[PDB]
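Asker: Okay, here's the structure, questions in a sec.
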Protein chains: 2
Amino acid sequence: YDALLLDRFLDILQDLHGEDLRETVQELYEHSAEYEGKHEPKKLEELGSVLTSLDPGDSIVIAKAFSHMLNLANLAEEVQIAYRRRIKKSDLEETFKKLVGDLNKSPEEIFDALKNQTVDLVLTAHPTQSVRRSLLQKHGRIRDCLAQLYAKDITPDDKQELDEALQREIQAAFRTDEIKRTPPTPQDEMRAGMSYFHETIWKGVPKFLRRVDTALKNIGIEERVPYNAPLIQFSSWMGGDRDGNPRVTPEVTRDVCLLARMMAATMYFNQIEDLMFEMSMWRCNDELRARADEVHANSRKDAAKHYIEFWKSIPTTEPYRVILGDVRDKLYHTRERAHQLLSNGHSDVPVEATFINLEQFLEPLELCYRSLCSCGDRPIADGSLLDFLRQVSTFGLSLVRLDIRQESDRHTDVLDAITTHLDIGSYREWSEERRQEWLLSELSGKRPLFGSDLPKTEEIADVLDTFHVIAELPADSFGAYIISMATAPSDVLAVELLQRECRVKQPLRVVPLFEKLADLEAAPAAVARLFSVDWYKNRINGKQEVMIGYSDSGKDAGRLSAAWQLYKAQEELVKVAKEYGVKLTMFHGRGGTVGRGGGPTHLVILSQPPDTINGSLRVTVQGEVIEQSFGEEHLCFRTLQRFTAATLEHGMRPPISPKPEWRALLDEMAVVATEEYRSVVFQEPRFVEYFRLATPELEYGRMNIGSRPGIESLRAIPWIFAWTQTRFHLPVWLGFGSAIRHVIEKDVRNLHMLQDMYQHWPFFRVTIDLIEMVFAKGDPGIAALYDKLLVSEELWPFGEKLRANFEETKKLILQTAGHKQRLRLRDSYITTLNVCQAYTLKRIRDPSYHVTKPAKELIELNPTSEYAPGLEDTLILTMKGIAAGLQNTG
Amino acid sequence: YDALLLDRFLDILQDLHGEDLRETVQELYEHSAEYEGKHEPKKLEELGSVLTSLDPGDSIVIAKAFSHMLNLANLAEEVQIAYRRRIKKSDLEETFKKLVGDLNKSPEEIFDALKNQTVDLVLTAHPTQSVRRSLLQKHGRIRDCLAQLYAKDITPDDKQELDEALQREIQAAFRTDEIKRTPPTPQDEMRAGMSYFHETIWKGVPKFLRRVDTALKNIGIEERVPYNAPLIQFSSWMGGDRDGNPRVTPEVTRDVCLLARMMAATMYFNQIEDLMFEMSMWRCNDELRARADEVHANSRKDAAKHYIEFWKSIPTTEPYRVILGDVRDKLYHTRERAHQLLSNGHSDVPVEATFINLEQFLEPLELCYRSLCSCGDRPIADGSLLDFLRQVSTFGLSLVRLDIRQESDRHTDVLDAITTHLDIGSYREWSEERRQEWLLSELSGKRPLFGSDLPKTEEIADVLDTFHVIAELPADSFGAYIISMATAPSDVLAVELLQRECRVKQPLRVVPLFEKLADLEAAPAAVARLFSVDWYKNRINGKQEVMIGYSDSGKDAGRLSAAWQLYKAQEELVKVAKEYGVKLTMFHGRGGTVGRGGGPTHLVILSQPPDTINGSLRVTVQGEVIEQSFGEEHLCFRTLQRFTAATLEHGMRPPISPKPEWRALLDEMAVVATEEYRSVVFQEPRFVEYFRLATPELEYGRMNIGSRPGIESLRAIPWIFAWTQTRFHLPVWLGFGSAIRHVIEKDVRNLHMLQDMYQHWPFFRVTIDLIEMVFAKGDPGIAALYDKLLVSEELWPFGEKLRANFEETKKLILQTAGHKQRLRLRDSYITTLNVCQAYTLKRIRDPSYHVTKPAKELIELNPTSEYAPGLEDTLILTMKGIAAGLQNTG
């Protein structure tokens, strides 16, 4: 079945660049097949020799070719998955049955626990999406074609037109420049973000909700999930996260908020006329009759000719249409107000003529639902009206609530500017106690703090002006204020005060970020200290959110020690929240790659300590993962199912709590594992050098993915990227070797205790299984070749040391899991690109191949290349392709 | 399979009005089943006795019930048809094969004849659509549900959710008031009209075109139909036809034209961003490169924040996106200009910033197509870009070109006002010669005719002001000026002059309407006289359109004589056009019912005389027929296929031309048939009386269908309606009895000549077969019962005379066809309603049952009824239901 795509693509490629190039591509495919089969390391050089011959443009064409072959492989994978799963005629219905049978839980327990369950998915613009949007669209169309082909109801002409469509759409994909030639703006990132709504999420949410209703009815629960029950929500960082991104200005946040508002208004307006058409009943209760008579009293006997449907005054014969008609007029004026506010600087639209409340919108729709139920029309109510209620209660007036992020030291800079200007001292130099005392006195105080005449840096005015921008806009457009590098309560109190002082009418909730390992060790203490403050615990009103970073933890210490300290951290934070009677929601800053805390969703949810969620979970969806989980109706649904099921099960089926022996064993194991990790990544004086030679880290910035302009000082994203490209994955497995070996050395029964832990502690099982996954996607011969081609003869054995540890560690990993479906083939493609990526790097770091109108061929596409004409494009193509093949960037 | 719908509906009905009403409905269904089975006329009275017991509201519920059961039957019919035809894995591919095999015609002949073929479908607001739009939507949803159920890939939960959807949507259908309580405005009619575009036609056209491309490729023609080849077009009368409709004012025409323009702009704008996303190539020819450099020169380095996608200035890396980007800016400014022009009286949008030309739009898209083909991207060009080209070239800047219709005497009134005001005589009193002479002298003249100070009636100013309104608006928004009751050339020259004098910058083509039988007899002569005028033949530029009415012809004379004079008329008109070297296109004013020239499309096209079409055909789609042929993707496609196939075959496979014996035989037969028809419908002095008693004609106006406020003096629509409701169909078959009997009496070999004609003359075959269809949908027992319940004892035998003729005529009909699939059952339902319609009429025409807040039950729905509270609603319900059951209103 697989050979279909190869055949079609190679045929098109021959139509575009000749038989010769198709033959050389086939030669590469066969050499790589012999490598991923026989694994003779000579085969890699044998392929590279074939590669060194290519013309400057021909090599570009080769990299393009294997890249698009990989992408096609991913799409066929998704389709074959959706079909293999659909031809079944964890899982939602399965999870209900297991909760009833296994645990003897009742249906009404499931339903009541489900009403009080919340999952807040927040989308982020983290620079991990390798593929440009201009291509992602074509990907969507191609997966649609392959979806329609994989069926046995094809009618001849449909099949031929679908072959023409698939061919023309592949060719259109190949005819686009893959290289972002300029990096995007934050607003472009927000556009890429919201695209998944008016494409998949907008219609995807109601369908998923209906499916939940169906499942509850298969359990015997005729009742339906409340439309206002908040089973899912969406937040976004796109355009708000300004941590280290000076390109995200206050006006950027304004722009994206007005944008989202206008989008929501538009979608609601396109829907509202269809809904009005359907709501043509004449029976209603006396309540809705009174209301409809109200609106028809001020119905304004006017033309209203701009409208398409229902342009005439709406008769009382159809009352639901009257109420919905006012809903339309307010919706129209909303879209028009936002439309002018965005196009120009202003609108003449009066705010009373718009929806100002999250639920001045909802109230009339609720009234409609009540009326329908009163008259025996509950089936009618649970149709388009219900879908519309759920859509309103879920996306509101601005599709997502936007988070604003900033580092503590910027708040500290603003405050120190204020105390210096007030001739009272230096907030910086002040002890944390002094800071708390002053901040408290000013929060309870009633006098304006600074005035118009406050001296402001560009930075100071940046943070102040983002606060003013928050104040100027509606409250229901924002989510939370996230403080990076939060250490003490003064860091949060600073934000609360700055909000109040910037006249933020309804200040938003403040939430800290603990991302560095030390900050996580100290986090429960610092949160406890914050809850100690009687004023702040009084203002927080029994609810508090705190974020837990996964990216940087596993970067400065071992991956293992990161995970274990993360489990401990969640546990102890829940301890503090329970002690102070405050409902904690924990915000998990997970990535897509295991190296930044990633993994399959239900597994990483199961690996959280029990009684730490309790119907409140918040998770980052890091850029690239967004496309992975919302680019198709099926993907969106499977994602929402996976998340909600994992949460409900983790609620009613709490994972086992560890025995103390396992606790201490993990503490020792973590000391040894961290010493193992830092021994190679920081003690070795030549390690940074070898890293800057053997991995493609430094070139990452050339892909122009995001808008953000030693090894401790780099972002975690190119860190896991660099080692994932080379298929070595050092930051995933490093400490495990010395950890397991030292633990077995100290005591022999520790092997029986390891076998005990792998089969009974969910967190440990998840960890080891994930490490086994990562080993399955690795090949040390690759790292060997990179060393052979780019690393100087001197420290060749260093990598070999690592290569030793690699195998050694793998031996231990399987040893705890007790291990010893025929996908393969794709690695062949990946292997080819690996070779291409290695040799090309060698030519880039040379003096002969350095540099000292329109475009009608690929080589003319990069004129501003400081390297040789055909090279930079080829390297970027290799990185893109390998990422897409491994199904992970960083 | 049929019993499914009965089961679901009766279950819902029991949930809504109790077991008792479901049982009484079942009783009615069984009695009607025994009638449509055994046909004992006692069964009708036996059912009526059961009906006389009902409460006032219960009878309303019964009529509602059988009406909705009938509608459900129609929908299940359409679905079972689409499935029965789809499970085949005339017709388009069949027609190609028959044209090649049978007639030895070549592929390139088919393709070249197809390039030069045109079909102009014009939609009309004729008051024949019985069902209110508020219900038609629910019909659409229900046929979607039944479409998804009829498949064997149902997944359990999908089936249950579809049962909930079908149930809730049926219930929503039943919960709406079926009675239009106020008749619509012309603009409401235009809204109902255009709804089929932004629902079915807009996407339906490109799919059909692609299918034609596929068929041509299965013939060996790799080439694709030119995007600008006009294989289909759309016109509309909605909002322009003012013949006898004083509610259609000039401002109405303005309103609907600005409306359509805004709609088109909207649809194009929603599409344009997706198309821009796909057109991401970097290769182009030097032509398009030069153009893209032009637009990027004035690209206006500006924010353009109102836009969603591509809000930033478009780079030259993606040139197609640049050109399409300007296309977007002009499209946006167009939608906004029309939007303000409609909302208020004006717009500040400059006309240069909009598309003013039908093809200032098309030119950049053509340039894109050329570029794509130049670079080997013809597959890409034939995708979304092609669909978009065809959409532009087919719908233009205002979805349909609107026709304006008016009677000659209104033009005559205006002119006579002008000559009276000029103190030169009376245009009315003038001989046709004098009229022609003066009109010619003024058309060639250069002086303003009337001035500001012309005395104008409300009527005079109506016609003048509609001319000014035509002049004020863009030319590509209108189609043709249709003159009702056209008799001479002065009638057309009047319109040409009135256009010129009203400063109509690009005057539109004038086209006459010959609808009365005398006007059709005299039509070829009058058209010849018009072509004689050297000036007008010079201005017409070798193209002329003339309309041929079918409605009124078969109303004043026999149906047969109508058809035969119609054939003669088409033939002789083509004669005149050929003689004067002018390309004639004939505009066929056909209805949906056979009584107004209706029938299955390919049959009524085959029954046109050969060499009368020649790649130019224009057909009315009378209101109700619109829903019948465009309410579903499948219906729209099958309609466009049926029409285009019938036309192409009638072009390359000309139907046989009649022998002279058949000509004269039809002339005699037509004299006898017309004498037969007028003998009963006009000679009988009591016929009008019996018609006003035995048929529901007079009550037609109560259905509030359209916006238009002896028997010779009524519209043809309630004429065929009245006889079709009662299932008697007198105007379809009347003259055939005496015609055939006299023809066989005059000569015995005329029977052999009739058998000869039925098997070899397509027109005659179509006629007899249609009459046989109409007999199949008739039941004389119904007319008997109506007579028994409403007609006075005196002229009871009169109808029986007719009933004699009926059977007698039927005997002859089968006798010429040589005749002697198990659908039935639906007639049972229809029969019930027939009984309901009869008895209820009797109670309405009584003195006891005549008349001398909110609403919470059906009886409160008609408070302004001059008849008894529960009655008027019941009658209207019967008429609606019977119409839907017979699948024809009038």
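Just remember, in the structure tokens the first chain shown is A, the second B, etc., residues are 1-based per chain, and ligands are 1-based in the order shown.
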Provide as a PyMOL selection string the residues of chain A at most 7 Å from chain B, counting only C-alpha atoms.
Answerer: chain A and resi 89+134+155+157+168-169+172+175-177+214+277+280-283+304-306+339+342-343+379-380+856
Asker: Can you list, as a ChimeraX atom specification, every protein, DNA or RNA residue that comes within 9 Å of residue A:244 when you count only C-alpha atoms, leaving out same-chain residues fewer than 5 positions away?
Answerer: /A:406-407,708-709
Asker: As an exercise, work out the distance from atom CA of residue B:617 to atom CA of residue B:389 in Å and give it to one decimal place.
Answerer: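 Here the two named atoms are 23.2 Å from each other.
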Asker: Which polymer residues have any atom within 8 Å of an atom of residue B:621, counting only C-alpha atoms, with same-chain residues fewer than 4 positions away left out, as a list in words?
Answerer: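 Result of the neighbour search: residues 121, 122, 123, 124, 590, 591, 592, 625 and 626 of chain B.
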Asker: Write to file, as a JSON list (two decimals), in the first residue's frame, the residues of the selection just made, with N, CA and C atoms.
Answerer:
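What ended up in out_11.json:
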```
[["chain", "number", "residue", "atom", "x", "y", "z"],
["B", 121, "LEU", "N", -30.62, 30.03, -18.19],
["B", 121, "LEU", "CA", -31.69, 29.71, -17.25],
["B", 121, "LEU", "C", -32.09, 30.95, -16.46],
["B", 122, "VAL", "N", -33.35, 31.35, -16.57],
["B", 122, "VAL", "CA", -33.86, 32.54, -15.91],
["B", 122, "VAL", "C", -34.87, 32.11, -14.86],
["B", 123, "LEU", "N", -34.63, 32.51, -13.61],
["B", 123, "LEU", "CA", -35.50, 32.17, -12.49],
["B", 123, "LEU", "C", -36.57, 33.24, -12.31],
["B", 124, "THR", "N", -37.80, 32.80, -12.06],
["B", 124, "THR", "CA", -38.96, 33.69, -11.97],
["B", 124, "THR", "C", -39.66, 33.55, -10.63],
["B", 590, "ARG", "N", -41.99, 28.39, -20.39],
["B", 590, "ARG", "CA", -42.62, 27.16, -19.90],
["B", 590, "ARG", "C", -42.84, 27.21, -18.40],
["B", 591, "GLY", "N", -43.87, 26.50, -17.95],
["B", 591, "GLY", "CA", -44.12, 26.30, -16.55],
["B", 591, "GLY", "C", -43.60, 24.96, -16.05],
["B", 592, "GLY", "N", -44.05, 24.60, -14.85],
["B", 592, "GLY", "CA", -43.72, 23.32, -14.28],
["B", 592, "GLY", "C", -44.77, 22.27, -14.60],
["B", 625, "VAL", "N", -40.56, 25.22, -9.46],
["B", 625, "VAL", "CA", -39.60, 24.37, -10.14],
["B", 625, "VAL", "C", -38.18, 24.64, -9.65],
["B", 626, "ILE", "N", -37.90, 25.89, -9.25],
["B", 626, "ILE", "CA", -36.58, 26.23, -8.74],
["B", 626, "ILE", "C", -36.18, 25.31, -7.59]]
```
Asker: Determine the nearest neighbour of residue A:116 from the options A:288, A:815, A:329, A:651, counting only C-alpha atoms.
Answerer: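 Smallest distance to residue A:116 is found for A:651.
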Asker: Tell me which protein, DNA and RNA residues are within 7 Å of residue A:567, counting only C-alpha atoms, leaving out same-chain ones fewer than 3 positions away, and put them as a list in words.
Answerer: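 Final neighbour list, sorted by chain and number: residues 563, 564, 570, 571, 608 and 609 of chain A.
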Asker: For the selection just defined, write its residues with C-alpha atoms to a file, as a tab-separated table (two decimals), in the first residue's frame.
Answerer:
```
chain	number	residue	atom	x	y	z
A	563	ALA	CA	11.00	14.65	35.92
A	564	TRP	CA	11.37	13.47	39.54
A	570	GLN	CA	3.35	19.11	41.86
A	571	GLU	CA	2.89	17.05	45.01
A	608	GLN	CA	1.25	13.33	37.19
A	609	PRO	CA	0.94	12.65	40.94
```
Asker: Determine, counting only C-alpha atoms, which protein, DNA and RNA residues have an atom within 12 Å of an atom of residue B:668; residues of the same chain fewer than 3 positions away are not included. Present the result as number ranges by chain.
Answerer: B: 560-561, 564, 661-665, 671-675, 738-744, 746
Asker: Ranking B:248, B:569, B:768, B:113 by minimum distance to residue B:229 and counting only C-alpha atoms, which one comes first?
Answerer: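 Answer, going by the shortest atom-to-atom distance: B:113.
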Asker: Based on DSSP run over this structure's backbone, return all residues of stretch 514-597 of chain A in strand (DSSP E), as a short mmCIF file (atom, residue, chain, number, x, y, z; two decimals) with N, CA and C atoms, in the first residue's frame.
Answerer:
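Output file states_0.cif follows:
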```
data_model
loop_
_atom_site.label_atom_id
_atom_site.label_comp_id
_atom_site.auth_asym_id
_atom_site.auth_seq_id
_atom_site.Cartn_x
_atom_site.Cartn_y
_atom_site.Cartn_z
N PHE A 514 7.90 28.86 37.53
CA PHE A 514 9.10 28.24 38.08
C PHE A 514 9.63 27.29 37.02
N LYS A 543 -8.80 30.71 44.81
CA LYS A 543 -8.33 30.12 43.56
C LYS A 543 -6.98 30.71 43.20
N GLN A 544 -6.04 29.85 42.82
CA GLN A 544 -4.70 30.28 42.45
C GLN A 544 -4.16 29.35 41.38
N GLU A 545 -3.49 29.94 40.40
CA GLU A 545 -2.85 29.21 39.32
C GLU A 545 -1.35 29.44 39.39
N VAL A 546 -0.58 28.38 39.17
CA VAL A 546 0.88 28.48 39.15
C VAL A 546 1.41 27.60 38.03
N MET A 547 2.40 28.12 37.30
CA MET A 547 2.96 27.45 36.13
C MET A 547 4.23 26.70 36.50
N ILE A 548 4.45 25.58 35.82
CA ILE A 548 5.57 24.69 36.07
C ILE A 548 6.26 24.45 34.73
N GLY A 549 7.46 25.00 34.57
CA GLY A 549 8.18 24.84 33.31
C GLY A 549 8.90 23.50 33.22
N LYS A 583 -7.98 26.59 46.04
CA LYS A 583 -8.05 25.65 44.92
C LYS A 583 -6.94 25.96 43.93
N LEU A 584 -5.97 25.05 43.85
CA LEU A 584 -4.85 25.22 42.94
C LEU A 584 -5.14 24.59 41.59
N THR A 585 -4.78 25.31 40.54
CA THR A 585 -4.73 24.76 39.21
C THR A 585 -3.28 24.90 38.75
N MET A 586 -2.70 23.81 38.25
CA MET A 586 -1.30 23.81 37.86
C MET A 586 -1.18 23.89 36.34
N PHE A 587 -0.33 24.80 35.88
CA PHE A 587 -0.15 25.11 34.47
C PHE A 587 1.15 24.46 34.00
N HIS A 588 1.03 23.42 33.17
CA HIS A 588 2.16 22.58 32.79
C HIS A 588 2.76 23.08 31.48
N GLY A 589 3.96 23.65 31.55
CA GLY A 589 4.64 24.14 30.36
C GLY A 589 5.36 23.07 29.55
#
```
Asker: List every residue of stretch 753-868 of chain B that DSSP, applied to the backbone of this structure, places in alpha helix (DSSP H), and write the result as a VMD selection string.
Answerer: chain B and resid 753 to 760 762 to 776 780 to 790 796 to 817 826 to 844
Asker: Just the number, please: distance in Å from atom CA of residue B:849 to atom CA of residue B:695, one decimal.
Answerer: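 According to the coordinates, atom CA of residue B:849 and atom CA of residue B:695 are separated by 20.1 Å.
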